[PDB]
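Here's the structure we're looking at; comments come further down.
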Amino acid sequence: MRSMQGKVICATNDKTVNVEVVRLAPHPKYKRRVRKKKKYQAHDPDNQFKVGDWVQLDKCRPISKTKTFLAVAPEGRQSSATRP
Amino acid sequence: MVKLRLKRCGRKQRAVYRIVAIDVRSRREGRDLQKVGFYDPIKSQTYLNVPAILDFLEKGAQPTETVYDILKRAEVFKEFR
Amino acid sequence: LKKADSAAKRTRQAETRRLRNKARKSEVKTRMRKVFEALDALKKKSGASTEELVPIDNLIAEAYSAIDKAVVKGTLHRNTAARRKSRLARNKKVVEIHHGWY
RNA sequence: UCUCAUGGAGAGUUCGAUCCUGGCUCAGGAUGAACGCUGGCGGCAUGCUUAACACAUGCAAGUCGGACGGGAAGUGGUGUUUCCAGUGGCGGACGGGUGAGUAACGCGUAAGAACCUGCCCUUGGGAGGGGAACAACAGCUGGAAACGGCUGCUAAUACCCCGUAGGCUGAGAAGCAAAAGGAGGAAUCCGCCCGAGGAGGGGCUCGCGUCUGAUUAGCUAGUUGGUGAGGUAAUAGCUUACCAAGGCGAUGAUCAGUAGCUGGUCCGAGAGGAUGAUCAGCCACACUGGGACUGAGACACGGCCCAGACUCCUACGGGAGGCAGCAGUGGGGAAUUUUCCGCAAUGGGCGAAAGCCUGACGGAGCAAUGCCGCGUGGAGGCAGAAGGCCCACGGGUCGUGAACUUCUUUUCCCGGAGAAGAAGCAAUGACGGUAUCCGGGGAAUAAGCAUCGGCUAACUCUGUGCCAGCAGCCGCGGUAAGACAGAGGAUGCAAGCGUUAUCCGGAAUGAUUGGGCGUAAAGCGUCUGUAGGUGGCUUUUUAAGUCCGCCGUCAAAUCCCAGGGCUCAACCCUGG
Ligand SMILES: [Mg+2]
Ligand SMILES: [Mg+2]
Ligand SMILES: [Mg+2]
Ligand SMILES: [Mg+2]
Ligand SMILES: [Mg+2]
Ligand SMILES: [Mg+2]
Ligand SMILES: [Mg+2]
Ligand SMILES: [Mg+2]
Ligand SMILES: [Mg+2]
Ligand SMILES: [Mg+2]
Ligand SMILES: [Mg+2]
Ligand SMILES: [Mg+2]
Ligand SMILES: [Mg+2]
Ligand SMILES: [Mg+2]
Ligand SMILES: [Mg+2]
Ligand SMILES: [Mg+2]
Ligand SMILES: [Mg+2]
Ligand SMILES: [Mg+2]
Ligand SMILES: [Mg+2]
Ligand SMILES: [Mg+2]
Ligand SMILES: [Mg+2]
Ligand SMILES: [Mg+2]
Ligand SMILES: [Mg+2]
Ligand SMILES: [Mg+2]
Ligand SMILES: [Mg+2]
Ligand SMILES: [Mg+2]
Ligand SMILES: [Mg+2]
Ligand SMILES: [Mg+2]
Ligand SMILES: [Mg+2]
């Protein structure tokens, strides 16, 4: 709700991981919810993330040019592996 | 610095002022953040809500010459200190 | 007779304050150079010695004196002086940590 | 039989005629308006949209002698005192003007962390002892002038050192850091130094929204990322060395063109479309470019340095300047104002105070530019007449209109009285003898513009003969023209009326609301399939979307409802 989730594609760089964020919002003229995409750059000093993982972002003071976020784990998920 | 003065808004040759607290370097018709009174010389009427004015004076607001006189006729200074 | 000109007066004052501030900054520049030219000489020398740190302890006082006296005047901001003094203390510990003192 | 709903109009033109389809045109409202004809007043507003073209002249930022040394005037050339070129302090980064540039944290909205902040407020502790200079000034000296040069003297809230420290650097040991006095019947206020906070202001980052073009598809190399060393008030490739090869983009990168943004303004049944004058906020620029000093704060409209173009002065060696500040000139253009009064009010800067400055602002003047309001007479006027036009020649119309008779005086003229705005004991008013009130005179001072073929309210006659000419569309005129010109009459408006230009509506004519593709314009020649879009049924999970209840915010002004005040209205104000 507050922060933005995203997929962590292109995690090749050192101490950094490119992240793809997705959101839906209604079109102002026609009122249809369109899936828009926007990328960001975050940092994981432990390098605990790799491509294929699910990651959450947080605001922080700027680390470099265009890298102004911090990668954290997700809060609310629905794994629920094999519940009755 | 914060200051308690009054701006003009009305008709030509009919002055109708309102008291307001704004920055000094801002112009006469500057962006307001709290209107704390109303006044005119012709009709000589005044509302002059005291709870808002004391909030600024505690924080270093300096009235002008006439606003000091308006507040002087009121008993706000005796309760201010 | 000639009249006044307050704008020209600010030009006259600025040149005087410029020479004061220009000289006051260059003092901070040269006194640092005595330190780093020594630390570069003390590092390449393989002979460890505690007595050789006392002249450096004399220059660091001359540096902090020139810097702190400048903060009193209108040249440098207080956070600026902390960065210059920290650069001296930081680079000093490099010789301490590179060698066996730590 | 409740309540909601105050809101959607069409017409002409293709055909011999009809039903459709589809364009063109008109009736509405608005304007920073312009032109044409005409023109009485008052109130509130508005007034270079083009050449961010170039500018004569005057003003637009100064202030403190209760910071300091000197100098001048006056006096009884004696005391008090008045004035200031210079040193020093604060303000000259506010206010004012202009949208050239800018397609992006610039703006709007909603959040954040790694920072600064003079003046104001609050608060904890201090100000001890010494010294050296530049100005002014005095002498000499170079210049046409602007401005200097040399030799010596001097004060300070100006300069320097020592001493002290609840602060700074550092893992620590240790090292470093300040200050100014002034006025005074002496209580004792204005200030100075260090440190911690409050408010306001400013800097930085981020989410969302933010023009057109694919006959611009590849762009970037300090470019994306790190480390180390730097640097900034502070985070940051902000800078640099090395290393890694990433970063942006067909949901439109890059390139090109256009443009200040917003609150809002206009139109619209609404959805939404167009737009960004005045007022208010942010940003940006200051002859064209570049750079830095000063300061708490600038890369500074009326500050400095350099280059370039232009203008002016010159004794030809050398100098001065930047109205996109007020007013005003030239030029451009269809077109937009006095080279005015005043700091009385409001607001701003300096000062302990008295007071000084304030082309901001408050007022006046010009213009029918717009909106609103009131006049250019009311009542009566039997019968009859002159006159214009028309006629079936009997009459009809202009026409109760006029004449005439009484009544009244907004307005007009004359003569008096006369403010509020002023806050502060009194005095202190640019506007201003202004608004306003009383008295006298007397219908006396005041209506024009377009249209009259259909859309579209309003008709005949004369003249002209596809001529002269009208026209928004259809189209009228070729000898009886309701369509041209004149006349009379009528209609619609009214100190305005019409023309032109620009935007919206009508236009469902880009059809989300709200259109269509058999033959009227419109289904790729066909199929397979990537991205993308959508997706059967049943029970659970979560609560992103969605719905409900609260909190904060989207400034004020404007719009909407109510209330009040200007004699009403426009308009102004209060509240929501
Ligand atoms: Mg026909
Ligand atoms: Mg212009
Ligand atoms: Mg003083
Ligand atoms: Mg003086
Ligand atoms: Mg200052
Ligand atoms: Mg000392
Ligand atoms: Mg770069
Ligand atoms: Mg880094
Ligand atoms: Mg432009
Ligand atoms: Mg419509
Ligand atoms: Mg110019
Ligand atoms: Mg300036
Ligand atoms: Mg100028
Ligand atoms: Mg001008
Ligand atoms: Mg004044
Ligand atoms: Mg004043
Ligand atoms: Mg003056
Ligand atoms: Mg006209
Ligand atoms: Mg009559
Ligand atoms: Mg008709
Ligand atoms: Mg005609
Ligand atoms: Mg005829
Ligand atoms: Mg005719
Ligand atoms: Mg439409
Ligand atoms: Mg159709
Ligand atoms: Mg056909
Ligand atoms: Mg066809
Ligand atoms: Mg297929
Ligand atoms: Mg509002």
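To be explicit about the labels: the chains of the structure tokens are called A, B, and onward in the order shown, and within each one the residues are counted from 1, while ligands get numbers from 1 in the order they are shown.
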
Output the contact residues of chain D with respect to chain C at a cut-off of 7 Å, based on only C-alpha atoms (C1' of nucleotides), as a PDB file with C-alpha atoms (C1' of nucleotides), in the first residue's frame.
ATOM      1  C1'   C D 168      35.273  21.260  17.264  1.00  0.00           C
ATOM      2  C1'   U D 169      38.839  16.886  15.560  1.00  0.00           C
ATOM      3  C1'   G D 170      39.964  11.848  17.261  1.00  0.00           C
ATOM      4  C1'   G D 175      45.554  19.131  20.272  1.00  0.00           C
ATOM      5  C1'   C D 176      42.662  23.719  18.932  1.00  0.00           C
ATOM      6  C1'   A D 177      39.049  27.809  19.457  1.00  0.00           C
ATOM      7  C1'   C D 293      34.223  38.260  -4.902  1.00  0.00           C
ATOM      8  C1'   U D 294      31.206  40.007  -0.657  1.00  0.00           C
ATOM      9  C1'   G D 303      27.227  45.893  -7.680  1.00  0.00           C
ATOM     10  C1'   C D 304      32.434  44.438  -9.560  1.00  0.00           C
TER      11        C D 304
END

Long-range neighbours of residue 301 (chain D) as a PDB file with N, CA and C atoms (P, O5', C5', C4', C3', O3' and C1' of nucleotides), in the first residue's frame, 9 Å cut-off, only C-alpha atoms (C1' of nucleotides), 5 positions minimum in chain:
ATOM      1  P     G D  97       5.015  45.005 -10.818  1.00  0.00           P
ATOM      2  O5'   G D  97       5.854  45.024 -12.170  1.00  0.00           O
ATOM      3  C5'   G D  97       5.994  46.222 -12.919  1.00  0.00           C
ATOM      4  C4'   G D  97       7.056  46.090 -13.981  1.00  0.00           C
ATOM      5  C3'   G D  97       6.880  44.935 -14.953  1.00  0.00           C
ATOM      6  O3'   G D  97       5.960  45.220 -15.991  1.00  0.00           O
ATOM      7  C1'   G D  97       9.102  44.960 -14.166  1.00  0.00           C
ATOM      8  P     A D 286      20.472  37.271 -16.680  1.00  0.00           P
ATOM      9  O5'   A D 286      20.061  38.791 -16.913  1.00  0.00           O
ATOM     10  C5'   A D 286      19.845  39.287 -18.228  1.00  0.00           C
ATOM     11  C4'   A D 286      19.314  40.698 -18.219  1.00  0.00           C
ATOM     12  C3'   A D 286      20.235  41.735 -17.583  1.00  0.00           C
ATOM     13  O3'   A D 286      20.091  42.985 -18.259  1.00  0.00           O
ATOM     14  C1'   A D 286      18.192  41.670 -16.405  1.00  0.00           C
ATOM     15  P     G D 325      13.187  46.441 -16.492  1.00  0.00           P
ATOM     16  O5'   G D 325      12.440  47.073 -15.238  1.00  0.00           O
ATOM     17  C5'   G D 325      11.281  47.869 -15.420  1.00  0.00           C
ATOM     18  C4'   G D 325      10.834  48.500 -14.127  1.00  0.00           C
ATOM     19  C3'   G D 325       9.928  49.715 -14.267  1.00  0.00           C
ATOM     20  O3'   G D 325       8.567  49.367 -14.446  1.00  0.00           O
ATOM     21  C1'   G D 325      11.685  50.214 -12.770  1.00  0.00           C
TER      22        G D 325
END

Residue 25 (chain A) environment, 10 Å, only C-alpha atoms (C1' of nucleotides), sequence neighbours closer than 3 positions dropped, as a ChimeraX atom specification: /A:28,31-36 /D:545

May I have the selected residues written with N, CA, C and O atoms (P, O5', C5', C4', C3', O3' and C1' of nucleotides), as a PDB file, in the first residue's frame?
ATOM      1  N   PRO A  28      -7.731   8.206 -17.507  1.00  0.00           N
ATOM      2  CA  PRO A  28      -8.598   9.328 -17.111  1.00  0.00           C
ATOM      3  C   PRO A  28      -9.760   9.564 -18.056  1.00  0.00           C
ATOM      4  O   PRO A  28     -10.835   9.975 -17.602  1.00  0.00           O
ATOM      5  N   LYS A  31     -11.437   5.387 -18.161  1.00  0.00           N
ATOM      6  CA  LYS A  31     -11.658   4.730 -16.870  1.00  0.00           C
ATOM      7  C   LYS A  31     -11.441   3.218 -16.955  1.00  0.00           C
ATOM      8  O   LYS A  31     -12.245   2.432 -16.446  1.00  0.00           O
ATOM      9  N   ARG A  32     -10.358   2.801 -17.604  1.00  0.00           N
ATOM     10  CA  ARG A  32      -9.916   1.414 -17.607  1.00  0.00           C
ATOM     11  C   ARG A  32      -8.556   1.321 -16.931  1.00  0.00           C
ATOM     12  O   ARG A  32      -7.680   2.162 -17.155  1.00  0.00           O
ATOM     13  N   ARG A  33      -8.386   0.292 -16.105  1.00  0.00           N
ATOM     14  CA  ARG A  33      -7.169   0.132 -15.321  1.00  0.00           C
ATOM     15  C   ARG A  33      -6.100  -0.540 -16.171  1.00  0.00           C
ATOM     16  O   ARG A  33      -6.244  -1.708 -16.553  1.00  0.00           O
ATOM     17  N   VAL A  34      -5.031   0.198 -16.464  1.00  0.00           N
ATOM     18  CA  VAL A  34      -3.972  -0.242 -17.363  1.00  0.00           C
ATOM     19  C   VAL A  34      -2.743  -0.591 -16.538  1.00  0.00           C
ATOM     20  O   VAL A  34      -2.422   0.097 -15.563  1.00  0.00           O
ATOM     21  N   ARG A  35      -2.055  -1.655 -16.940  1.00  0.00           N
ATOM     22  CA  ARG A  35      -0.864  -2.124 -16.243  1.00  0.00           C
ATOM     23  C   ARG A  35       0.353  -1.372 -16.766  1.00  0.00           C
ATOM     24  O   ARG A  35       0.839  -1.657 -17.865  1.00  0.00           O
ATOM     25  N   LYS A  36       0.839  -0.418 -15.977  1.00  0.00           N
ATOM     26  CA  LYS A  36       2.017   0.366 -16.314  1.00  0.00           C
ATOM     27  C   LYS A  36       3.244  -0.215 -15.628  1.00  0.00           C
ATOM     28  O   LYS A  36       3.134  -0.954 -14.644  1.00  0.00           O
TER      29      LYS A  36
ATOM     30  P     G D 545      -5.886   0.023  -2.923  1.00  0.00           P
ATOM     31  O5'   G D 545      -6.803  -0.228  -4.201  1.00  0.00           O
ATOM     32  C5'   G D 545      -6.359   0.144  -5.497  1.00  0.00           C
ATOM     33  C4'   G D 545      -7.258  -0.415  -6.571  1.00  0.00           C
ATOM     34  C3'   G D 545      -8.724  -0.025  -6.473  1.00  0.00           C
ATOM     35  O3'   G D 545      -8.987   1.254  -7.019  1.00  0.00           O
ATOM     36  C1'   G D 545      -8.548  -2.356  -6.827  1.00  0.00           C
TER      37        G D 545
END

In Å and to one decimal, CA of residue 24 (chain C) is distant from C1' of residue 239 (chain D) by 24.8 Å

DSSP strand (DSSP E or B) selection over chain B, as a CSV table (one decimal) with N, CA, C and O atoms, in the first residue's frame:
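Output file part20.csv is given in full below:
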chain,number,residue,atom,x,y,z
B,2,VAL,N,8.6,36.4,11.6
B,2,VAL,CA,7.2,36.5,11.5
B,2,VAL,C,6.7,37.9,12.1
B,2,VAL,O,7.3,38.4,13.0
B,3,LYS,N,5.7,38.4,11.5
B,3,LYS,CA,5.2,39.7,11.8
B,3,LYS,C,3.7,39.8,11.7
B,3,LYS,O,3.1,39.1,10.9
B,4,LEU,N,3.0,40.6,12.6
B,4,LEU,CA,1.6,40.8,12.6
B,4,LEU,C,1.3,42.1,12.0
B,4,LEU,O,1.5,43.1,12.7
B,5,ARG,N,0.9,42.2,10.8
B,5,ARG,CA,0.4,43.4,10.1
B,5,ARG,C,-0.9,43.1,9.4
B,5,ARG,O,-1.5,42.1,9.5
B,6,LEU,N,-1.3,44.1,8.6
B,6,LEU,CA,-2.6,44.1,8.0
B,6,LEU,C,-2.5,44.5,6.5
B,6,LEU,O,-1.7,45.3,6.1
B,7,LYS,N,-3.2,43.8,5.7
B,7,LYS,CA,-3.2,44.0,4.2
B,7,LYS,C,-4.5,44.7,3.8
B,7,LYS,O,-5.6,44.6,4.5
B,8,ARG,N,-4.5,45.4,2.6
B,8,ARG,CA,-5.6,46.0,2.1
B,8,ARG,C,-6.3,45.1,1.1
B,8,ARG,O,-5.7,44.5,0.3
B,11,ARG,N,-12.5,48.4,-1.9
B,11,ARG,CA,-12.8,49.3,-3.0
B,11,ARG,C,-12.0,50.6,-2.8
B,11,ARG,O,-11.5,50.9,-1.8
B,14,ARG,N,-12.3,53.3,-0.1
B,14,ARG,CA,-13.0,52.6,1.0
B,14,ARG,C,-12.1,51.5,1.5
B,14,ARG,O,-12.2,50.4,1.0
B,17,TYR,N,-9.5,46.6,5.8
B,17,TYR,CA,-8.3,45.8,6.1
B,17,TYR,C,-8.7,44.5,6.8
B,17,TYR,O,-9.8,44.3,7.3
B,18,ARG,N,-7.7,43.6,6.8
B,18,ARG,CA,-7.8,42.4,7.7
B,18,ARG,C,-6.4,42.1,8.2
B,18,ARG,O,-5.4,42.2,7.5
B,19,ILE,N,-6.4,41.7,9.5
B,19,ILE,CA,-5.1,41.3,10.2
B,19,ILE,C,-4.7,39.9,9.8
B,19,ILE,O,-5.6,39.0,9.6
B,20,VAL,N,-3.4,39.7,9.6
B,20,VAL,CA,-2.9,38.4,9.2
B,20,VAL,C,-1.4,38.4,9.6
B,20,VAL,O,-0.7,39.4,9.7
B,21,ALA,N,-0.9,37.1,9.8
B,21,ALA,CA,0.5,36.9,10.2
B,21,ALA,C,1.1,36.3,9.0
B,21,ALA,O,0.8,35.2,8.5
B,22,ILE,N,2.2,36.9,8.4
B,22,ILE,CA,3.0,36.5,7.3
B,22,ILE,C,4.4,36.9,7.5
B,22,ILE,O,4.7,37.7,8.3
B,23,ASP,N,5.3,36.4,6.6
B,23,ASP,CA,6.7,36.8,6.6
B,23,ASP,C,6.8,38.3,6.2
B,23,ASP,O,5.9,38.9,5.6
B,34,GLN,N,-2.4,32.1,8.5
B,34,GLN,CA,-3.4,32.2,9.5
B,34,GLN,C,-3.9,33.7,9.6
B,34,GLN,O,-3.2,34.6,9.9
B,35,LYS,N,-5.2,33.8,9.4
B,35,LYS,CA,-5.9,35.1,9.5
B,35,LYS,C,-6.4,35.2,10.9
B,35,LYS,O,-7.1,34.4,11.4
B,39,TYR,N,-10.6,44.5,10.6
B,39,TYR,CA,-10.6,45.8,11.1
B,39,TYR,C,-10.9,46.8,10.0
B,39,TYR,O,-10.4,46.5,8.8
B,46,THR,N,-14.3,45.1,15.1
B,46,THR,CA,-13.1,44.3,15.3
B,46,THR,C,-13.5,43.0,16.0
B,46,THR,O,-14.2,43.0,17.0
B,62,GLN,N,6.3,40.1,16.1
B,62,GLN,CA,6.4,41.5,16.5
B,62,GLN,C,5.3,42.2,15.8
B,62,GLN,O,5.3,42.4,14.6
B,63,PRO,N,4.3,42.8,16.6
B,63,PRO,CA,3.3,43.6,15.9
B,63,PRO,C,3.9,44.9,15.4
B,63,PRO,O,5.0,45.3,15.7

Would you list, as number ranges by chain, the residues of chain B that end up in alpha helix (DSSP H) under DSSP run on this structure's backbone? B: 50-57, 65-73, 76-80

Give the residue list for ligand 28 at 12 Å, counting only C-alpha atoms (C1' of nucleotides) and all ligand atoms, as an NGL selection string, sorted by chain and then by residue number. :D and (527-530)

Let's have the selection written as a PDB file, in the first residue's frame, with C-alpha atoms (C1' of nucleotides).
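Generated output (selection_10.pdb):
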ATOM      1  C1'   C D 527      -3.891 -18.442 -42.361  1.00  0.00           C
ATOM      2  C1'   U D 528      -0.528 -19.754 -38.319  1.00  0.00           C
ATOM      3  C1'   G D 529       1.303 -17.330 -34.014  1.00  0.00           C
ATOM      4  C1'   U D 530       5.135 -13.380 -30.143  1.00  0.00           C
TER       5        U D 530
END

Using only C-alpha atoms (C1' of nucleotides) and a cut-off of 7 Å, which residues of chain D sit close to chain B? Please list them as a list in words.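 For chain D, the answer reads residues 94, 120, 121, 198, 199, 200, 346, 347, 420, 421, 423, 555, 556 and 572 of chain D.
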
Mind pulling up the distance from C1' of residue 205 (chain D) to CA of residue 62 (chain A)? 6.7 Å

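Restricting the atom set to only C-alpha atoms (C1' of nucleotides) and all ligand atoms, one finds that the residues within 9 Å of ligand 27 amount to residues 519, 520, 521 and 522 of chain D.
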
To check your reading of the model: which residues sit at most 9 Å from ligand 15 when counting only C-alpha atoms (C1' of nucleotides) and all ligand atoms? Write the answer as a list in words.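 My answer, listing the contacting residues, is residues 343, 344, 345, 346, 347, 358 and 361 of chain D.
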